[PDB]
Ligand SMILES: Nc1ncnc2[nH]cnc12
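Presented as structure tokens, the chain that follows is alone, the form solved without the ligand.
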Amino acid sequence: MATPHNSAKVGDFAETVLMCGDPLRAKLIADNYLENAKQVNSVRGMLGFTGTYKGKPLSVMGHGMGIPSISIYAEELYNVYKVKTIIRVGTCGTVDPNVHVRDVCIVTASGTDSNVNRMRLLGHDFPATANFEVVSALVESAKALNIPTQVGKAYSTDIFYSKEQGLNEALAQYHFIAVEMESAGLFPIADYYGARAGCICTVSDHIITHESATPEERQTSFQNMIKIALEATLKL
């Protein structure tokens, strides 16, 4: 096998890949948005697919939950499969008083409570930073689609079930717009390979007000987010 975690052969992935944590959502994206679609990985149930969107080759694959999981899959995609661009497409919480459930968030950079980026930069602060062409393509696609967006910082945590007092209030004070678990691991790997990455998320929950998106609102926001991401790939 080409890697321990992926049965695809080199060339099976397109130069652009959308990734989400849930492999079953990767399948939904392929089934509903890709033509000419082929399954190219099923190791560990981490479904990956390659097809076309409006004529342009594009892949979609799950990445599992957390920085260590996406780090395995994205390192392999850049190094072995010679992918050029990964766009994470996910869901998030927010703490920002002016971000609301249903909102689409385009991520410019992501903080974290992980040690993985300190280990890359001699213990210093290494900002996990989205590629500007990717951010711009997402922003411009949303505008062309008449979809409002929030643009700004995410925070990637190792612990879904947080017990940390003061954190939410500090993230709100500095207007972090998205809380999730992966993007801070993706961007430095893109950098290491001289490649590109970005992230776009829909707000499922407001962590401070406790408001939560209905299933119908989650469908609406998913439809918005995925169309933005797909249209962005045509410009990348």
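For every residue, the number given is its place in the sequence shown, counted from 1.
Below: the form deposited with the ligand bound, not depicted.
> Do residue 28 and the ligand come within 4.5 Å of each other in the entry with it bound, heavy atoms counted?
No, residue 28 is distant from the partner.
> Would residue 160 count as a contact of the ligand in the entry with it bound, using a 4.5 angstroms cut-off between non-hydrogen atoms?
Contact with the ligand, yes.
> Report yes if any heavy atom of residue 111 sits within 4.5 Å of a heavy atom of the ligand in the entry with it bound; otherwise report no.
No - in the entry with it bound, heavy atoms of residue 111 and the ligand never come within 4.5 Å of each other.
> Applying a 4.5 Å heavy atom distance criterion, does residue 91 contact the ligand in the entry with it bound?
Looking in the entry with it bound, residue contacts with the ligand include residue 91, since a heavy atom lies within 4.5 Å.
> Within 4.5 Å of the ligand in the entry with it bound, heavy atoms considered, which of 189, 181, 40, 37?
That would be 181.
> Heavy atoms within 4.5 Å of the ligand in the entry with it bound: which of the stretches 137 to 145, 92 to 100, 112 to 120, 77 to 85 has them?
Going through the listed ranges, the match is 92 to 100.
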